[PDB]
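Before any questions on binding or motion, here is one chain by itself as C-alpha cells, the form deposited in one PDB entry.
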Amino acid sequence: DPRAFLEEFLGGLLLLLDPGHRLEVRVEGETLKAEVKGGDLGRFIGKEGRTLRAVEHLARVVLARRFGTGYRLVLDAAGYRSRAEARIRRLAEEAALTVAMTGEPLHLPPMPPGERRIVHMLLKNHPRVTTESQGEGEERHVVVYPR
C-alpha cells in the first residue's frame, strides 16, 4: 500500500526532525499528498523550502523504487505551497507588466517544471505577453515575450 509505505517512511523522518510533527497522507486525483502539522514548521520547511523539497524528493524516489513510476507526490506544511504559488503568480504578473512597457523580453529565474507551469498557466491568453521556456536542467526558465 503506497499510503502506508509513505506513512512509515515519512513518519520515520518526522520523528528525527521534530517530535511535534504529525503526518496526514491522502490521495487527491492522481496526486499523493502529504501534509505535516505541529511544531516549528518553518524549521521543517527550511530556507526557501529547501528541507521540505529534500524530503519530498527522497519521498518520491523511494516511492518510485518500491511501487514504480506514474505517482505524483506533493508534500506541504502550513499552506507553504499556496504561498509559494502566490509569490510565483506575483513576479510573473510583474513580468507581464515590465514586458508590456519595455518591448524587450524578460528572463525569469530558473524554476522546476511545476513552477514554470504556473507561469505559463497564469499568462494564458494574456493580451500583451506570451511565455516560452529556455535552457536545460537547473538552467531552464520561463521567458516572458511581448506580442
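Throughout, we count residues from 1 along the sequence that is shown.
**Q** Looking only at CA atoms, which has the higher mean B factor in the entry: 3-11 or 138-146?
**A** Of 138-146 and 3-11, the stretch with the higher C-alpha B-factor average is 138-146.
**Q** Do the C-alpha atoms of 44-52 or of 116-124 have the higher average B factor in the entry?
**A** Here the higher of the two C-alpha B-factor means belongs to 116-124.
**Q** Choose from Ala86, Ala64, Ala34, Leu58 the residue with the greatest Cα B-factor as stated in the PDB record.
**A** It is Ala86.
The following text describes the form deposited in another entry, which does not appear among the structures shown.
**Q** Establish whether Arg90 belongs to the same rigid part as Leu52, given the two-part motion between the shown form and the other one.
**A** Both residues do not go with the same rigid part; they split.
**Q** Over in the other structure, so in that other deposited form, do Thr31 and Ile118 pull closer or drift farther apart at the C-alpha level? The difference is 3 angstroms or more.
**A** They are farther apart; the C-alpha distance rises by 3 Å or more in that other deposited form.
**Q** Looking in that other deposited form, are the Cα atoms of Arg43 and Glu138 closer together or farther apart than here, the change being 3 Å or more?
**A** Closer together, which means the C-alphas of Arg43 and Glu138 are at least 3 Å nearer in that other deposited form.
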